[PDB]
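Structure file upload_17.csv with CSV, C-alpha atoms:
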chain,number,residue,atom,x,y,z
G,1,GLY,CA,-10.3,-20.3,17.0
G,2,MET,CA,-7.6,-23.0,16.2
G,3,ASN,CA,-8.2,-24.6,12.7
G,4,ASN,CA,-10.7,-23.3,9.9
G,5,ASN,CA,-14.0,-24.4,11.6
G,6,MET,CA,-14.7,-21.8,14.5
G,7,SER,CA,-17.0,-23.1,17.5
G,8,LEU,CA,-15.9,-23.3,21.2
G,9,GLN,CA,-14.0,-20.0,22.3
G,10,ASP,CA,-16.0,-18.3,19.4
G,11,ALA,CA,-19.3,-20.3,19.4
G,12,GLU,CA,-22.8,-18.5,19.3
G,13,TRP,CA,-22.7,-15.5,21.8
G,14,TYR,CA,-18.9,-16.0,22.5
G,15,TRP,CA,-17.4,-12.6,21.5
G,16,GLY,CA,-14.7,-11.1,23.9
G,17,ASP,CA,-15.0,-7.3,23.3
G,18,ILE,CA,-16.0,-6.1,26.8
G,19,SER,CA,-13.5,-4.9,29.5
G,20,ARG,CA,-13.5,-4.2,33.3
G,21,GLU,CA,-15.7,-1.0,33.7
G,22,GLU,CA,-18.0,-1.7,30.5
G,23,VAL,CA,-18.8,-5.4,31.8
G,24,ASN,CA,-19.6,-3.9,35.4
G,25,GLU,CA,-22.2,-1.4,33.8
G,26,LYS,CA,-24.6,-4.3,33.0
G,27,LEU,CA,-23.6,-7.0,35.6
G,28,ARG,CA,-23.0,-7.5,39.4
G,29,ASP,CA,-26.1,-5.7,41.0
G,30,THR,CA,-28.6,-8.0,39.1
G,31,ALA,CA,-26.1,-10.9,38.2
G,32,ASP,CA,-26.7,-14.3,40.0
G,33,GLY,CA,-25.5,-16.9,37.4
G,34,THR,CA,-25.6,-14.9,34.0
G,35,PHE,CA,-22.6,-16.2,31.8
G,36,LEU,CA,-21.0,-13.8,29.1
G,37,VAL,CA,-17.7,-13.7,27.1
G,38,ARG,CA,-15.2,-11.1,28.5
G,39,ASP,CA,-11.9,-9.6,27.0
G,40,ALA,CA,-8.7,-10.0,29.1
G,41,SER,CA,-5.1,-8.6,29.0
G,42,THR,CA,-2.6,-10.1,31.5
G,43,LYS,CA,-0.2,-12.7,29.7
G,44,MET,CA,0.0,-9.9,26.9
G,45,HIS,CA,-3.6,-9.9,25.4
G,46,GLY,CA,-6.2,-12.6,26.5
G,47,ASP,CA,-9.2,-12.1,24.1
G,48,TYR,CA,-11.2,-15.4,25.0
G,49,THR,CA,-11.8,-15.6,28.8
G,50,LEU,CA,-15.5,-16.1,29.8
G,51,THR,CA,-17.0,-14.2,32.8
G,52,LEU,CA,-20.1,-15.2,34.9
G,53,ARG,CA,-20.9,-13.1,38.0
G,54,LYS,CA,-22.8,-14.3,41.1
G,55,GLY,CA,-23.6,-11.3,43.5
G,56,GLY,CA,-21.4,-12.5,46.4
G,57,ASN,CA,-18.5,-14.5,44.8
G,58,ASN,CA,-18.0,-12.5,41.5
G,59,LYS,CA,-15.5,-14.7,39.6
G,60,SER,CA,-14.5,-15.3,35.9
G,61,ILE,CA,-14.0,-18.7,34.0
G,62,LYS,CA,-11.5,-19.9,31.3
G,63,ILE,CA,-12.5,-21.6,27.9
G,64,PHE,CA,-9.8,-23.0,25.4
G,65,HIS,CA,-10.8,-24.1,21.8
G,66,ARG,CA,-12.1,-27.8,22.2
G,67,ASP,CA,-10.0,-29.3,25.2
G,68,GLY,CA,-12.1,-31.1,28.0
G,69,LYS,CA,-13.8,-34.3,26.7
G,70,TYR,CA,-17.4,-35.0,28.1
G,71,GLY,CA,-19.6,-37.7,26.4
G,72,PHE,CA,-20.1,-41.2,24.9
G,73,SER,CA,-16.6,-41.3,23.1
G,74,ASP,CA,-16.3,-44.4,20.7
G,75,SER,CA,-17.3,-43.5,17.0
G,76,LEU,CA,-17.9,-39.7,17.5
G,77,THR,CA,-15.2,-38.8,20.1
G,78,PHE,CA,-15.9,-35.7,22.4
G,79,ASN,CA,-13.4,-32.8,23.0
G,80,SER,CA,-15.2,-29.7,24.6
G,81,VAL,CA,-14.2,-27.7,27.7
G,82,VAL,CA,-17.8,-26.3,27.9
G,83,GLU,CA,-19.5,-29.8,27.9
G,84,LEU,CA,-18.0,-30.6,31.4
G,85,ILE,CA,-19.0,-27.0,32.5
G,86,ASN,CA,-22.6,-27.0,30.9
G,87,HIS,CA,-23.5,-30.3,32.8
G,88,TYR,CA,-22.9,-28.2,36.1
G,89,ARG,CA,-24.5,-25.0,34.6
G,90,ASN,CA,-27.6,-27.3,34.3
G,91,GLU,CA,-27.7,-27.4,38.3
G,92,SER,CA,-25.0,-26.1,40.7
G,93,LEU,CA,-21.2,-25.4,40.0
G,94,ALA,CA,-20.3,-25.7,43.8
G,95,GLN,CA,-21.2,-29.5,43.4
G,96,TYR,CA,-18.4,-29.5,40.6
G,97,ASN,CA,-15.5,-27.8,42.6
G,98,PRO,CA,-15.7,-23.9,41.8
G,99,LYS,CA,-17.7,-22.1,44.6
G,100,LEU,CA,-20.4,-20.3,42.5
G,101,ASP,CA,-23.7,-22.4,43.3
G,102,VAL,CA,-25.5,-21.3,40.0
G,103,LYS,CA,-27.7,-22.4,37.1
G,104,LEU,CA,-27.8,-20.8,33.5
G,105,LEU,CA,-29.9,-17.6,33.7
G,106,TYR,CA,-29.2,-15.4,30.5
G,107,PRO,CA,-26.0,-14.4,28.4
G,108,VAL,CA,-25.2,-10.6,27.7
G,109,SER,CA,-24.8,-11.2,23.9
G,110,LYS,CA,-23.0,-8.1,22.2
G,111,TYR,CA,-23.7,-5.8,25.3
Z,182,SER,CA,-13.4,-10.0,42.8
Z,183,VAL,CA,-14.2,-8.5,39.4
Z,184,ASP,CA,-11.3,-9.3,37.0
Z,185,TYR,CA,-9.7,-12.7,36.1
Z,186,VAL,CA,-9.8,-16.3,37.6
Z,187,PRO,CA,-8.9,-18.9,34.8
Z,188,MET,CA,-11.0,-22.0,35.9
Z,189,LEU,CA,-11.9,-24.3,32.7

Kindly present the structure from the file in structure tokens form.
Amino acid sequence: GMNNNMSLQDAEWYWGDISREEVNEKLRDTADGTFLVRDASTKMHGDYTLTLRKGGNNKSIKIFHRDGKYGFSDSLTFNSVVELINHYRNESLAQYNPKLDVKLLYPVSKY
Amino acid sequence: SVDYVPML
């Protein structure tokens, strides 16, 4: 989703065709750290926001195609907004800054 | 709060 290559906002499960009531139908009663790719509309139409819900603080999360930069950056240089986030999905995102306190459970891939 | 919070 920027030049002809396609992997960050649209990676493996990263779809964005799920809105407010249809995301809630398989979400916030069970959800304690499940991360899944939600359609927005606010600054016109926002197709690639990501949404994880923790049952308590239920709170969405922005992507962006390849803009974040996390890894050993000399010969192969790193540019990924998920690589900074995935380090703290390995443990607890409240030790980052966002008050979620969650590990990776399971993505809702194509509903 | 189930809509939109743009974190990155």

Calculated over only C-alpha atoms, which of the candidates G:53, G:103, G:89, G:69 has the smallest distance to chain Z? G:53

Compare G:98, G:71, G:56, G:46 by their minimum atom-to-atom distance to residue 189 in chain Z, counting only C-alpha atoms, and give me the closest one. G:98

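Between CA of residue 101 in chain G and CA of residue 32 in chain G the separation is 9.2 Å.
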
Please identify all polymer residues within 9 Å of residue 185 in chain Z, counting only C-alpha atoms, omitting same-chain residues fewer than 4 positions from it, and present them as a PyMOL selection string. chain G and resi 40+42+49+51+59-62

Residue nearest residue 81 in chain G among G:28, G:65, G:102, G:41 (counting all atoms listed in the file):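 Under the stated criterion, the closest residue is G:65.
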
Please indicate the distance in Å from CA of residue 90 in chain G to CA of residue 22 in chain G, rounded to one decimal place. 27.6 Å

Give me the residues within 8 Å of residue 83 in chain G as a list in words, counting only C-alpha atoms and dropping any in the same chain fewer than 4 places off. residues 68, 69, 70 and 87 of chain G

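Picture a line from CA of residue 67 in chain G to CA of residue 19 in chain G; it runs 25.0 Å.
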
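Residues lying within 12 Å of residue 55 in chain G, counting all atoms listed in the file and ignoring same-chain neighbours fewer than 6 positions away, are residues 24, 27, 28, 29, 30, 31, 32, 33, 34, 100, 101 and 102 of chain G; 182 and 183 of chain Z.
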
Would you mind telling me which residue in G:39, G:12, G:74, G:17 lies nearest to chain Z when using only C-alpha atoms?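 Checking each candidate against chain Z, we get G:39 as the closest.
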
Would you please work out which residue, of G:66, G:110, G:86, G:79, is nearest to residue 6 in chain G when using all atoms listed in the file? G:66

For each of G:77, G:109, G:57, G:92, take the minimum atom-to-atom distance to chain Z, counting all atoms listed in the file, then give the residue where this is smallest.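 Of G:77, G:109, G:57, G:92, the one nearest chain Z, counting all atoms listed in the file, is G:57.
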
Nearby residues (only C-alpha atoms) at most 9 Å from residue 36 in chain G, same-chain spacing under 2 positions excluded, as a PyMOL selection string: chain G and resi 13-16+34+38+50-53+106-109

For the residues selected in the previous step, produce a file with C-alpha atoms as a PDB file, keeping the file's coordinate frame.
ATOM      1  CA  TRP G  13     -22.700 -15.500  21.800  1.00  0.00           C
ATOM      2  CA  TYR G  14     -18.900 -16.000  22.500  1.00  0.00           C
ATOM      3  CA  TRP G  15     -17.400 -12.600  21.500  1.00  0.00           C
ATOM      4  CA  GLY G  16     -14.700 -11.100  23.900  1.00  0.00           C
ATOM      5  CA  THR G  34     -25.600 -14.900  34.000  1.00  0.00           C
ATOM      6  CA  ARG G  38     -15.200 -11.100  28.500  1.00  0.00           C
ATOM      7  CA  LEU G  50     -15.500 -16.100  29.800  1.00  0.00           C
ATOM      8  CA  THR G  51     -17.000 -14.200  32.800  1.00  0.00           C
ATOM      9  CA  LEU G  52     -20.100 -15.200  34.900  1.00  0.00           C
ATOM     10  CA  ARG G  53     -20.900 -13.100  38.000  1.00  0.00           C
ATOM     11  CA  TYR G 106     -29.200 -15.400  30.500  1.00  0.00           C
ATOM     12  CA  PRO G 107     -26.000 -14.400  28.400  1.00  0.00           C
ATOM     13  CA  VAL G 108     -25.200 -10.600  27.700  1.00  0.00           C
ATOM     14  CA  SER G 109     -24.800 -11.200  23.900  1.00  0.00           C
TER      15      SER G 109
END

Can you put N, CA and C atoms back into chain Z and show it as an mmCIF file, in the coordinates of the input?
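Output file result-v7.cif follows:
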data_model
loop_
_atom_site.group_PDB
_atom_site.id
_atom_site.type_symbol
_atom_site.label_atom_id
_atom_site.label_comp_id
_atom_site.auth_asym_id
_atom_site.auth_seq_id
_atom_site.Cartn_x
_atom_site.Cartn_y
_atom_site.Cartn_z
ATOM 1 N N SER Z 182 -14.713 -10.311 43.391
ATOM 2 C CA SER Z 182 -13.400 -10.000 42.800
ATOM 3 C C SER Z 182 -13.438 -9.843 41.300
ATOM 4 N N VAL Z 183 -13.878 -8.668 40.801
ATOM 5 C CA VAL Z 183 -14.200 -8.500 39.400
ATOM 6 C C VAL Z 183 -12.948 -8.167 38.485
ATOM 7 N N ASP Z 184 -12.141 -9.205 38.199
ATOM 8 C CA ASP Z 184 -11.300 -9.300 37.000
ATOM 9 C C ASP Z 184 -11.193 -10.724 36.473
ATOM 10 N N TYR Z 185 -10.204 -11.528 36.923
ATOM 11 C CA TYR Z 185 -9.700 -12.700 36.100
ATOM 12 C C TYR Z 185 -9.390 -13.873 37.100
ATOM 13 N N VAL Z 186 -10.068 -15.018 36.898
ATOM 14 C CA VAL Z 186 -9.800 -16.300 37.600
ATOM 15 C C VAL Z 186 -9.859 -17.438 36.562
ATOM 16 N N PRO Z 187 -8.753 -18.010 35.993
ATOM 17 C CA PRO Z 187 -8.900 -18.900 34.800
ATOM 18 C C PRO Z 187 -9.211 -20.414 35.155
ATOM 19 N N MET Z 188 -10.517 -20.697 35.320
ATOM 20 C CA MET Z 188 -11.000 -22.000 35.900
ATOM 21 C C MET Z 188 -11.029 -23.229 34.862
ATOM 22 N N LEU Z 189 -11.693 -23.148 33.680
ATOM 23 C CA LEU Z 189 -11.900 -24.300 32.700
ATOM 24 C C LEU Z 189 -12.822 -25.404 33.324
#
